[PDB]
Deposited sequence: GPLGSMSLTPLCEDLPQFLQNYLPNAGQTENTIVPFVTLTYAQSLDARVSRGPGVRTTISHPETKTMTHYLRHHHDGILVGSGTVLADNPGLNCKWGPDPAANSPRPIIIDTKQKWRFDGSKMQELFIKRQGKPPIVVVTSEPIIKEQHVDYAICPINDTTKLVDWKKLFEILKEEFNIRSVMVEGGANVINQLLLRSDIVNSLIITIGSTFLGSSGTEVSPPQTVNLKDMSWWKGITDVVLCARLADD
């Protein structure tokens, strides 16, 4: 439809991160009016987006998983079923240390922890993804926890793509809301019938 023409200027631009060690990073999610991501007609856009990124963090993109605590498992996942049926890629799993036992077909990005933050060094992580795993572009889709952090990272994020659904999920839903104010620039809105989509960049 006209929706790709709408997205076009916000997709990875190759000459932009070429000759840099950082990948293109887009932040994308779907929220209700009350800014909640949990507790149509979106699916076309999301799939289109996915097929314009090398990696997707949560041809066909490679799944990337944050799992520093090392509880997650590829064996017996839906993602593994898709992979076996030749319609999906195996994951890259972000860890802090080399796992004692590893899984067949799984890659492990060993990424250091930022000394100031309690959490993981995002810029480092994305560099590892690009330099070690040839991920030239990544679409991060979720962890409201993850969204909330990266909203603060204008030195990292390149595109912001938000779908807003014409509904209220309720106050106990998990919210996306950065801990400080965040300004946008180069915004562009699209309107559907029940949805609206925002494309933008992060100022600074």
**OP:** Compare what was deposited with what's modelled and send me the C-alpha-less stretches, numbered from 1.
**Re:** 1-12, 52-61, 81-102, 249
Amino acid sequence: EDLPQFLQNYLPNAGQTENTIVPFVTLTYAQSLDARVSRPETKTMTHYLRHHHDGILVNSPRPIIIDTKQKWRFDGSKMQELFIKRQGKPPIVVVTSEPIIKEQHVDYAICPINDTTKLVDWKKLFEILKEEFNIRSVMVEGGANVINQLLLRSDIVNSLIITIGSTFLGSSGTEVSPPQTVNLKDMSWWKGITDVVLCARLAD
From here on, numbers count along this sequence of modelled residues.
Subject >> Selected stretch [higher average CA B-factor]: 169-177 or 28-36 >> reply: 169-177
Original post:
So which stretch wins on mean C-alpha B-factor, 186-194 or 18-26?
Top reply: 18-26
**OP:** Check the PDB entry and point out which of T46, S154, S60, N148 has the largest C-alpha temperature factor.
**Re:** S60
Original post:
Per the coordinate record, which of the options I92, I128, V95, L119 holds the highest CA temperature factor?
Top reply: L119
Subject >> Third of the chain's Cα B-factor distribution that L7 belongs to, per the entry >> reply: middle
